[PDB]
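Presented as structure tokens, the chain that follows is alone, the form deposited in one PDB entry.
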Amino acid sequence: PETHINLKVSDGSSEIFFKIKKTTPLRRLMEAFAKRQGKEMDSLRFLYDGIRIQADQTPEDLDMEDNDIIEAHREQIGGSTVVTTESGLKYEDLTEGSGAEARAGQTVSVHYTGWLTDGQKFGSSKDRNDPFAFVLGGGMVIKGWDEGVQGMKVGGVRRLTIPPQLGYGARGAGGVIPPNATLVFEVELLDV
């Protein structure tokens, strides 16, 4: 019979697939996911079908089927909120900062990774070890960012879903961003 199973894990920015034996405890898939996100397994919660997964449970215990989806939750405990502002911008605070709040006029420093909505990555400050600094609300970055980064706190990580009119519009950008692309970013506020 079919001894192995493919499972997708989504954290709401991208999807990754894992193939494991149906008798293997999900720990093996949870650890492979955590290490790949540069993340301690402690700070991740995993749901299947609305039910919390434990590390000693196997795909077979949970009647899993090939290509079933597991949700990986990185945000704070106690329930997430996605906020849609008047401009159509969406944001979700995954990690709430401890530091000082960002505000228009200040010069902020950030890391970011940005994806298209099909999970395809198009850019990252981490892949060059180079924080990005700009003046918040000074028109130097795309609009979703000027709106979206205000209110963050240092230490914070915020997911922005930027509709194209707050992005690169009908034009798109070079080879990477197509016309009319919605953009998903994770921005980490390093300094203000």
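Shifts are known only where both forms have a C-alpha. Take the two forms, superpose them, and find the largest set of C-alpha atoms that agree within 1.5 Å; that set is the rigid core. So that there is no doubt, residue numbering starts at 1 and follows the sequence shown.
Omission of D61 is seen in none of the other entries compared for this protein where the adjacent residues are built, far below a third.
Coverage remark for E31: present in the model in all other entries compared whose chains are built on both sides, leaving no third without it. Averaged over their C-alpha atoms, the temperature factors of 2 to 10 and 183 to 191 are higher for 183 to 191. For the pair 66 to 74 and 144 to 152, the mean Cα B-factor is higher in 144 to 152. Highest CA B-factor among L94, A102, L116, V83, as stated in the entry: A102. The PDB entry gives the largest Cα B-factor of the residues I51, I162, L44, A55 to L44. Among the modelled residues of the chain, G167 sits in the middle third by CA temperature factor in this PDB entry. Per-chain ranking of the deposited C-alpha B factor places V135 in the highest third.
Note that the form deposited in another entry isn't included here; everything after this is about it.
The only C-alpha among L160, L26, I142, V157 that moves by 2 Å or more between this form and the one not shown, given a superposition on the rigid core, is that of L26. Put simply, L89 and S43 come closer in the other form: their C-alpha atoms are 3 Å or more nearer than in the form shown. Shown here is a form in which the CA atoms of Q37 and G119 lie at least 3 Å farther apart than they do in the other form.
The protein segment that moves between this form and the one not shown, counted as a run of at least three consecutive residues with every Cα displaced by 2 Å or more relative to the fitted core, is 2 to 79 alone.
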